[PDB]
Each structure stands twice: as C-alpha cells, then as structure tokens.
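Note sheet for the following structure.
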Amino acid sequence: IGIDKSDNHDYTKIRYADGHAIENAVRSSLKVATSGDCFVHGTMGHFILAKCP
Amino acid sequence: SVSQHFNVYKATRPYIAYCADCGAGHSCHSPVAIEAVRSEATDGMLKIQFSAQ
C-alpha cells in the first residue's frame, strides 16, 4: 500500500500481485475488519494498522 | 405545518464541544459531540442528544 504499479510513491495506490505482472488497485477499497469494522489508522508497504473491536 | 415546530430554532446554532474520541482515540473539538444518552423507554429507543441541528 502506498506505491503504484510503476514503482512510485502514491498514497492512493496498492500494488497487488496478479498473474505475472503487478497491478494497481484503488486504495479506498481497503476493509480490514474483524467481526466489527477496524478503523485503519494508516498504512505503508506491507503493513496495515488497525484498531479492531 | 412543521415550520411552526421549527419556529424555536431560528435563534439557535450548533456548537463545537470536546468529545474525547473520534473513532481514533484522540481529542476532537468536533462539530458533533454526544452530551447525554437518555434511554428511558421500556421498549428501548435511545434519545442521543448531540451538538448539531
């Protein structure tokens, strides 16, 4: 999270692997959620931060 | 009509008040601030009062 497919910092991109090539997914579609709904407190690289109930 | 019921609010305004939480555990001074939950119906139906109109 935070880097576009073209290897550039971007706070609205998520490099998600697919087949053999990297893709670009909209960041606003992140739903880290236990039974409730975690309030994602900030992300970077491979690590999300959550405050799940 | 209902405008008569709202004839009182013409001399009122929302206010900013402390919250102690905004879904992220932080001081807010938010435009929306709960003041008193007033559960008094045996059926059960809260009467959340908060700093907005």
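Letters A, B, ... go to the chains of the structure tokens in the order shown; residues in each chain start at 1; ligands are counted from 1 in the same order.
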
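Residues surrounding residue 25 in chain A within 8 Å are residues 13, 14, 15 and 16 of chain A [only C-alpha atoms; sequence separation below 6 positions excluded].
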
For the contact check between chain B and chain A, emit one row per residue of chain B within 10 Å, containing the shortest atom pair and the distance in Å rounded to one decimal, counting only C-alpha atoms, chain then rising number order, as a tab-separated table.
```
residue	atom	partner	partner_atom	distance
B:23	CA	A:39	CA	7.1
B:24	CA	A:39	CA	7.2
B:25	CA	A:51	CA	9.7
```

### Message
Quick check, in Å to one decimal: how far apart do CA of residue 15 in chain B and CA of residue 51 in chain B lie?
### Response
5.8 Å

#### Entry: Those of chain B in DSSP strand (DSSP E), formatted as a PyMOL selection string
chain B and resi 34-36+49-50

### Task
Please provide the set of residues having any atom within 10 Å of residue 36 in chain B, restricted to only C-alpha atoms, with same-chain residues fewer than 2 positions apart removed, written as number ranges by chain.
B: 33-34, 38-39, 46-50

Can you write out the residues you just picked, keeping C-alpha atoms, as an mmCIF file, in the first residue's frame?
```cif
data_model
loop_
_atom_site.group_PDB
_atom_site.id
_atom_site.type_symbol
_atom_site.label_atom_id
_atom_site.label_comp_id
_atom_site.auth_asym_id
_atom_site.auth_seq_id
_atom_site.Cartn_x
_atom_site.Cartn_y
_atom_site.Cartn_z
ATOM 1 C CA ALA B 33 -20.463 15.757 20.293
ATOM 2 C CA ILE B 34 -22.711 13.481 22.323
ATOM 3 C CA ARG B 38 -31.382 9.185 27.547
ATOM 4 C CA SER B 39 -32.616 5.591 27.364
ATOM 5 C CA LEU B 46 -32.183 5.941 22.706
ATOM 6 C CA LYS B 47 -32.537 9.730 22.526
ATOM 7 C CA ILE B 48 -28.976 10.679 21.630
ATOM 8 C CA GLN B 49 -28.520 14.426 22.096
ATOM 9 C CA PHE B 50 -25.532 15.870 20.254
#
```

### Message
What does the structure give for the distance between CA of residue 49 in chain A and CA of residue 1 in chain A, in Å to one decimal?
### Response
11.5 Å

### Pick from A:26, A:33, A:21, A:3 nearest to residue 53 in chain A, counting only C-alpha atoms
A:33

### Message
When you look at residue 37 in chain A with a cut-off of 8 Å (counting only C-alpha atoms), what residues show up, excluding the ones that are within fewer than 5 positions of it in the same chain? I need them as a ChimeraX atom specification.
### Response
/A:31-32,52-53

Same residues, C-alpha atoms, output as a PDB file, in the first residue's frame:
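Output file out15.pdb is given in full below:
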```pdb
ATOM      1  CA  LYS A  31     -11.673  -3.023   4.524  1.00  0.00           C
ATOM      2  CA  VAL A  32      -9.508  -4.511   7.275  1.00  0.00           C
ATOM      3  CA  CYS A  52     -10.377  -3.645  15.550  1.00  0.00           C
ATOM      4  CA  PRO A  53     -13.037  -4.374  18.182  1.00  0.00           C
TER       5      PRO A  53
END
```

#### Entry: CA of residue 18 in chain B to CA of residue 37 in chain B, distance in Å rounded to a single decimal
16.0 Å

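In terms of minimum interatomic distance to residue 22 in chain A, A:7 ranks closest within A:44, A:35, A:7, A:2, counting only C-alpha atoms.
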
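The residues of chain B that DSSP classifies as alpha helix (DSSP H), using the backbone of this structure, are residues 2, 3, 4 and 5 of chain B.
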
If you keep C-alpha atoms, can you produce a file of those selected residues as a PDB file, in the first residue's frame?
```
ATOM      1  CA  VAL B   2     -43.814  21.648  10.783  1.00  0.00           C
ATOM      2  CA  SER B   3     -42.356  25.120  10.207  1.00  0.00           C
ATOM      3  CA  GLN B   4     -44.296  26.159  13.313  1.00  0.00           C
ATOM      4  CA  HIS B   5     -42.487  23.467  15.307  1.00  0.00           C
TER       5      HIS B   5
END
```
